[PDB]
Each structure stands twice: as structure tokens, then as C-alpha cells.
């Protein structure tokens, strides 16, 4: 029953092709939530989560971080594109900011109540957007390979942070994770780390099955628990 529509946004050097979802039957301004997808691109997994957020009463924008709606399917083809973003965090943040712009342009979005969630690379994207100083009230990352802190970002995260983490995730090792947590603690960010034992990468995606590589596996419990923790953080900051 959720109103679902394509949205093209961004400045023309290849436009982003995303999805906007909201509960048509609700009225007035509502919180908006960005959904940043896994590295491959905007897939049904990300769109379905945007639909769940709409059912929770939010205006959700499932973002395209590649341009043109491109969804990679091999790591050899994906590798150039993702390494380019890792090496150019200014461009990476600009792409995320373009999604925020498009969300803020919706008539139904409360500009003072905007948050972001992200899966894998999308969770890293949320943190990059927050580090740029964007006015996110909250952000939640799910099995994300978070990037190292940069001095120039000190003090720029104004929202709350929830990191949902598989304790055995090989793409977010303890030393790198502790360095991120030390940035957040230094700047007195309200952060929470929810770590799951026996859980690794991609734990929210049912397509991460036994055919996948070691360290990439769906976990139904972690999926449900992390979603519940995100729902509780949003209830907090959107009250």
C-alpha cells in the first residue's frame, strides 16, 4: 500500500536513479530516512528496507551511489568503481549529499528530522555523510566497513550513531573499528556499538548464502535485532 516512485536526482554528469517511498495515507511533514545500499548498487534489498521505513511512517529515499542506477554483479567490474570512491572521499560524500538534497526536496519531509541507514558500503557512506557535517539526527550502519577517521572531520558529527556489527566481520577488523570509536568518543558523539557473536558480514541480506565467500553470511537474529535497535534510535530522535 506504500506509495513508491522512481526519483532522478543529481547534477547531470550522470544522474542518480533512486526510489522514493512513503505512506500515502499519512499527512503532514514526516521524518525522512536515506537508505544507502551495498556496494554492488541499489537493489531490491535496499528498496524493501525503504518500504519498511515508509510503513513506520517515514519518507524513505533509496539512494543510487553509482549513477544511472547501475548495479554491478562481479567484483572485477565493481572494483574500479568502489576503489575510486574509497580514494576520493570528497566525491563519495558529494554523491551522498546529492541523495540528502533530493530527500530534503520532498514536500512531506521534516527538514529537522532526517536520518540515514546503510548496508555494507552504504553504512560506510552514512558515516562519511555525517563526517562531512550533514544535519543527520541519527545514522545506523549494518555490517559496514567504516573508513578511518580524518582530522579535518573532528567535531562534525552532530547526530546519534548506532553501529550494528558482526563480531567476526573480516571487512571491519578490531583495530580499525576501535579507531573509529575513538574519533566518536573524542568528539563526545552519542554512539552505540551492537556487536553480534558468531556473525560476520552481510548479515542482513538473505542472498548471502552458503555459496558465498567465508565471512559473508545472513543471520536472521542479527538482522531482526539490528533493525529493532535502529527503530528504537529513530523513535528516540524523531520524538
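Residue numbers count along the first chain shown, from 1.
- Mean CA temperature factor is higher for 67 to 75 when stretches 67 to 75 and 143 to 151 are set side by side in the entry.
- Higher mean CA temperature factor between 191 to 199 and 207 to 215: 207 to 215, per the PDB entry.
- The maximum CA B-factor among the listed residues 111, 160, 165, 89, taken from the PDB record, is found at 111.
- Of the candidates 171, 33, 42, 182, it is 182 whose Cα B-factor is highest according to the PDB record.
- Per the deposited record, the Cα B-factor of residue 135 falls in the middle third when ranked against the other modelled residues of its chain.
- Sort the chain's modelled residues by C-alpha temperature factor and residue 11 lands in the highest third, per the entry.
- In the PDB entry, a CA B factor belonging to the middle third of its chain's modelled residues is recorded for residue 94.
- Residue 117: CA B factor in the lowest third of modelled residues in this chain (values from the PDB entry).
- Residue 2: CA B factor lies in the highest third for its chain, per the PDB record.
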